[PDB]
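J.: After the structure tokens below, expect a handful of questions from me.
Protein chains in written order, with the deposited numbering: chain A, 3 to 86, 93 to 245, 259 to 328; chain A', 3 to 86, 93 to 245, 259 to 328; chain A'', 3 to 86, 93 to 245, 259 to 328. A prime marks a further copy of an entry chain.
What follows is the structure, encoded as structure tokens:
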């Protein structure tokens, strides 16, 4: 038997900022306990007879299938609903007529607002263009904790288009608010820096906790050697676009200067910014990261729906 | 435990006209009994190991998801089959190779004929262009009965394009044949009246039962005040199309003259003919109507497949 | 309870050539034992909590739905994954993060190679353009055995575009390698003969077993009368295309010369090469063939995943 994280009971999950550090600790432990259980071949039937409907206005097969698999590995059911129109509100009401939990993926933050304005069952926000992707943030935290043993104390590099990558903005805010980080490296090509508004947002936390923040335009052996986590992201189309790829690339040559105890992570999909020539390195955690996503989403759904 | 409606055992459900009043009474009671059970958190596993395949040649996510959710809340399984060609008959045979029940949605009444000409398992007709939508008719009846306590005795207004709305033709025929209605108001813009052939069809029943039939081109305070059910439908594109909307619109101003004990219904989707400014009124039943659809479809599937 | 075919445990199923005659015998018996069980109304729950993900880059609703239904009738779960790009390898890794078994349908044999190069769970090959369609071959063998009582000893006609029909190449290789056939008729229009390389491939087996091989450009009463199986396939677009259809057509007139104890088979879909005027003939086995496909795929999945 598992103990649900009681603060999530019957609650929509809109932003990772709605959780305390204690909530996150509890979700991490529950996800790991389920991982041990499931990987031992034992099953979970607690959500038998409960129905999830995903409503995905943009394709994200990676995130969608994880939510669906999480629901089914708890014994629950999943009903598809093809987006076909009528108002989004009326569509949500249609889902509520037969569902226990909704999973919404829409680029507009307004859509989540509108959905929650009428929904009678919990909505899981599966990601939007405002950078609120609560289960990605939480699975990223779980991955660090499970791979290294702790999140407190780490040096982490956030690597990519930090200007436009609003999901990484949210990840930084969550990490700085909840964990005693040692250092955050912000690695981005010239002109794609983390926005000043985000640094202002975390300033209270960074100064209370004494977290070092360092901006640079590329990786160096010294930065790599200092990091416990290299967190890479995809650069999507500046006149130095192709030329800047070499300074962010993580490959076998780059990992020559890395610690023995560190991980490389990436929310995926990747293009060329993460070479396949480290895919078999024990520190390459970005595939296991997806499996941590399965168990974090099980921990969340179990806690939301257990009664 | 639940008692199946025995007359449905192993039978395709092609038209609501195939049921007696006793069948409808029994399906209503079974749907309500399942509603109490399910909403108490209890589950149903009777159809474990049975397979439904929906075959939808036109999109209707509202009707499709209801059938799928109904099947899964009975413990059954659902297999998708994307329409890709080969004959419809060969496709049906393909579904029968592994399914226990088929759900067919096709605009042509010929398609249901062809499917039943070769099918070896029951087919649930999910709606066609001839107006045969048996589970919509039955869920509409359940909604009235559950919301008001009875269908016998009601005055109901059917509002919209009554000329082309063949599904409403079927609803009127079913109501007049099986229930002691007091009165039916037929509210339609000029030129979109209920066809004379439909009034001729119900004439035997209307005269045996003494049902009043009244045609009008718009709602009035007197008609509204007299009705137990306002059943609205969508007007799809006459030179007075936009101008006629005001005479059919149901909004807060219109409900000022309505009874305390009445409901507004709509099979959905709606555009503007049903204002959001009554969506929180207790008499607005068109969202609960969809949940009655879930339990009516469970009652039907349970009765068809229980052995 | 059922005994799994132990040689399949935890193994990807890439080609029917990976099985011994003993494996095939065992899979046939297991499929038939499951058929009796399931058709008696008894259920199977052995794979409760196990997840299948199909990844279909080409449409084949017939093969896809059979795999999904097989999984669910063993108690297992199915998660869809819409092909959306990222490498196929990264997509496979994504499926492995939450799945127990993958089902791959891709036209390129290279795709199966690439998938197996990184997959950590078994992959079921659902068919490719190299003619490797292991569950079609195995269900075809099961159909013959179940319908006639044995595969050893038969005369079979393979009818269609034998040049380009690479799946039929594989079927011939499998039959000649594993069964004491009496005779294979190769019926194909001029220029569409079975390739010489395939006859060279089976030569060792045909001479050890004494199997007769006979090429002809059309069916005749003498060939029809001699066959235990007429295995027809679809001709897809030579200046004699339409004209050659009459010499391959199987209809009621053609079956006038057939044995009482024989079957007509076809992997499906068909166009006109198999008339509907034999669809009710007891020897028309091509619809039952699909149901044998369900139980063969259950036997396979059960054996792959039982632990």
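Just so you know, even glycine gets a beta-carbon here, dropped at the ideal spot from N, CA and C.
(1) Taking the C-alpha atoms as reference points, what is the distance between residue 76 (chain A') and residue 53 (chain A)?
(2) Does the beta carbon of residue 313 (chain A') sit closer than 8 Å to a beta carbon anywhere in chain A''?
(3) Give the secondary structure of residue 229 (chain A) by DSSP, where H, G and I count as helix, E and B as strand, and everything else as coil.
(4) Determine the DSSP secondary structure at residue 88 (chain A'), reduced to helix, strand or coil.
(5) Compute the Euclidean distance between the alpha carbons of residue 96 (chain A'') and residue 295 (chain A), then round it to the nearest angstrom.
(6) For residue 166 (chain A), which of helix, strand or coil comes out of DSSP?
(7) On the premise that residue 159 (chain A) lies in contact with residue 180 (chain A), defined as a C-beta separation below 8 Å, what is that separation, rounded to the nearest angstrom?
(8) How long is the line joining the alpha carbons of residue 157 (chain A') and residue 49 (chain A'), rounded to whole angstroms?
(9) Hey, residue 135 (chain A'') and residue 65 (chain A'') are a contact pair by Cβ (cut 8 Å); roughly how many whole angstroms apart?
(10) Going along chain A' in order, which residues have a C-beta closer than 7 Å to the C-beta of residue 84 (chain A)?
(11) Once DSSP output is grouped into helix, strand and coil, what is the label at residue 55 (chain A')?
(12) Applying the criterion that 16 or more other CB atoms from any shown protein chain within 10 Å of the CB defines a buried residue, is residue 274 (chain A') buried or exposed?
(13) Let me know the alpha helix (DSSP H) ranges lying completely inside the segment 99 to 173 of chain A', each 4 residues or longer, listed in chain order.
(14) Mind checking if residue 151 (chain A) is an interface residue toward chain A'', Cβ cutoff 8 Å exclusive?
(15) According to DSSP, is residue 191 (chain A) helix, strand or coil?
(16) Can you tell which of A:13, A:280, A:268, A:171 has its C-alpha closest to the C-alpha of residue 133 (chain A)?
(17) List in chain order: all unbroken beta strand (DSSP E) runs of 3+ residues lying wholly within the segment 3 to 81 of chain A.
(18) Is it true that the CB of residue 240 (chain A'') sits closer than 8 Å to the CB of residue 149 (chain A'')?
(19) Roughly how many angstroms separate the alpha carbons of residue 63 (chain A) and residue 320 (chain A), rounded to a whole number?
(20) Considering only the alpha carbon of each residue, which of A':270, A':325, A':324 lies closest to residue 298 (chain A')?
(21) Quick check: what's the CA-CA separation for residue 113 (chain A'') versus residue 152 (chain A)?
(22) To the nearest angstrom, report how far apart residue 91 (chain A') and residue 202 (chain A') are at their CA atoms.
(23) Straight-line CA distance for residue 5 (chain A'') to residue 32 (chain A'')?
(24) Would you report the Cα separation of residue 101 (chain A') and residue 288 (chain A''), rounded to the nearest angstrom?
(25) Whole angstroms are fine: how far does the CA of residue 17 (chain A') sit from the CA of residue 138 (chain A')?
(26) Shorter than 7 Å, the distance from the beta carbon of residue 59 (chain A'') to the closest heavy atom of the ligand FAD, or not?
(27) According to DSSP, is residue 306 (chain A') part of a helix, a strand, or is it coil?
(28) Please name the residue or residues paired with residue 237 (chain A') in a DSSP beta bridge.
(29) Could you tell me whether any Cβ in chain A is nearer than 8 Å to the Cβ of residue 4 (chain A')?
(30) Cβ of residue 250 (chain A'') less than 8 Å from any chain A' Cβ?
(31) Quick check: the Cα distance between residue 51 (chain A) and residue 34 (chain A'), rounded to an integer number of angstroms?
(32) Using a C-beta to C-beta distance shorter than 8 Å, which residues of chain C count as neighbours of residue 173 (chain A)?
(33) Using alpha carbons as the reference points, say which of A:29, A:164, A:213, A:207 lies closest to residue 322 (chain A).
(34) Find the residues of chain A that neighbour residue 260 (chain A''), judging by a C-beta separation of less than 9 Å, and give them in chain order.
(35) Could you name the residues of chain A' that residue 289 (chain A'') contacts, counting a contact when the two beta carbons are closer than 8 Å?
(36) Between residue 12 (chain A') and chain A'', is any beta-carbon pair separated by less than 8 Å?
T.: So, from the listed chains and residues:
(1) The residue labelled residue 76 (chain A') in the question sits at position 74 within the second chain. The residue labelled residue 53 (chain A) in the question sits at position 51 within the first chain. Near 12 Å, if we compare the C-alpha coordinates of residue 53 (chain A) and residue 76 (chain A').
(2) Residue 313 (chain A') sits at position 292 when you count from the first residue of the second chain. Chain A'' contact via Cβ: absent.
(3) Sequence index remark: in the first chain, residue 229 (chain A) carries index 221 (1-based). Residue 229 (chain A): helix per DSSP, three-state reduction.
(4) A break in chain A' separates 86 from 93, and the residue in question, residue 88 (chain A'), sits inside that break with no coordinates.
(5) Here residue 96 (chain A'') corresponds to residue number 88 of the third chain, with the count starting at 1. Here residue 295 (chain A) corresponds to residue number 274 of the first chain, with the count starting at 1. Looking at the two C-alpha atoms, the distance is approximately 16 Å.
(6) If you number the first chain from 1, residue 166 (chain A) lands on position 158. Here residue 166 (chain A) sits in strand by DSSP.
(7) Sequence index remark: in the first chain, residue 180 (chain A) carries index 172 (1-based). Sequence index remark: in the first chain, residue 159 (chain A) carries index 151 (1-based). Not really, about 13 Å apart at Cβ, beyond 8 Å.
(8) As a working mapping, residue 157 (chain A') is identified with position 149 in the second chain. As a working mapping, residue 49 (chain A') is identified with position 47 in the second chain. Approximately 30 Å, taken between the alpha carbons.
(9) Translated into positions along the third chain, residue 135 (chain A'') becomes position 127. Translated into positions along the third chain, residue 65 (chain A'') becomes position 63. Indeed they touch by this definition, with Cβ atoms about 6 Å apart.
(10) Along the first chain, one-based indexing puts residue 84 (chain A) at 82. Within chain A', the residues near residue 84 (chain A) are 61, 63.
(11) One-based indexing of the second chain puts residue 55 (chain A') at position 53. Three-state DSSP puts residue 55 (chain A') in a strand.
(12) The residue labelled residue 274 (chain A') in the question sits at position 253 within the second chain. Flag for residue 274 (chain A') reads exposed.
(13) 117 to 126, 142 to 156
(14) The count along the first chain starts at 1 and reaches residue 151 (chain A) at position 143. By this cut-off, residue 151 (chain A) is not an interface position.
(15) Reading the first chain from its first residue, position 183 is the one you call residue 191 (chain A). Residue 191 (chain A) falls in the strand class under three-state DSSP.
(16) Translated into the one-based positions of the first chain, residue 133 (chain A) becomes position 125. Selected option, being the one with the closest Cα: A:13.
(17) 53 to 58
(18) The residue labelled residue 149 (chain A'') in the question sits at position 141 within the third chain. The residue labelled residue 240 (chain A'') in the question sits at position 232 within the third chain. The answer is no: Cβ separation not under 8 Å.
(19) The residue you call residue 63 (chain A) lines up with position 61 of the first chain. The residue you call residue 320 (chain A) lines up with position 299 of the first chain. Taking the straight line from one Cα to the other gives about 20 Å.
(20) Mapped onto the second chain, residue 298 (chain A') falls at position 277. That would be A':270, whose Cα lies nearest to the Cα of residue 298 (chain A').
(21) Mapped onto the third chain, residue 113 (chain A'') falls at position 105. Mapped onto the first chain, residue 152 (chain A) falls at position 144. About 35 Å.
(22) Since the numbering of chain A' jumps from 86 to 93, residue 91 (chain A') cannot be located in this structure.
(23) By 1-based counting over the third chain, the position of residue 5 (chain A'') is 3. By 1-based counting over the third chain, the position of residue 32 (chain A'') is 30. Each residue's Cα considered, the two are about 8 Å apart.
(24) Stepping through the second chain from its first residue, residue 101 (chain A') is reached at position 93. Stepping through the third chain from its first residue, residue 288 (chain A'') is reached at position 267. Residue 101 (chain A') and residue 288 (chain A''): Cα-Cα distance of roughly 13 Å.
(25) Locating residue 138 (chain A') in the second chain gives position 130, where the first residue counts as 1. Locating residue 17 (chain A') in the second chain gives position 15, where the first residue counts as 1. When rounded, the distance between both Cα atoms is 11 Å.
(26) Although the ligand FAD was asked about, the structure shown includes no ligands whatsoever.
(27) Here residue 306 (chain A') is taken as the residue at index 285 of the second chain, counted from 1. In the structure shown, residue 306 (chain A') sits in coil (DSSP, three-state: anything other than H, G, I, E or B).
(28) As a position in the second chain, residue 237 (chain A') is number 229, starting the count at 1. Partner(s): A':164, A':284.
(29) On the second chain, position 2 is the one that residue 4 (chain A') refers to. Not closer than 8 Å to any Cβ of chain A, the Cβ of residue 4 (chain A') fails to qualify, so no.
(30) For residue 250 (chain A''), nothing is modelled; it lies in the interval where chain A'' passes from 245 to 259 with no residues in between.
(31) If you number the first chain from 1, residue 51 (chain A) lands on position 49. If you number the second chain from 1, residue 34 (chain A') lands on position 32. Distance between the alpha carbons of residue 51 (chain A) and residue 34 (chain A'): 18 Å.
(32) No chain C is part of this structure, whose protein chains are labelled A, A' and A''.
(33) Taking the first residue of the first chain as 1, we reach residue 322 (chain A) at position 301. Ranking the options by Cα distance to residue 322 (chain A), first place goes to A:29.
(34) Within the third chain, the letter at position 239 stands for residue 260 (chain A''). Chain A residues near residue 260 (chain A''): none, gap ~45 Å exceeds 9 Å.
(35) What you label residue 289 (chain A'') is simply residue 268 of the third chain in a count that begins at 1. Residues of chain A' passing the Cβ test: 94, 98, 102.
(36) Translated into the one-based positions of the second chain, residue 12 (chain A') becomes position 10. False, the Cβ-Cβ gap to chain A'' never drops below 8 Å.
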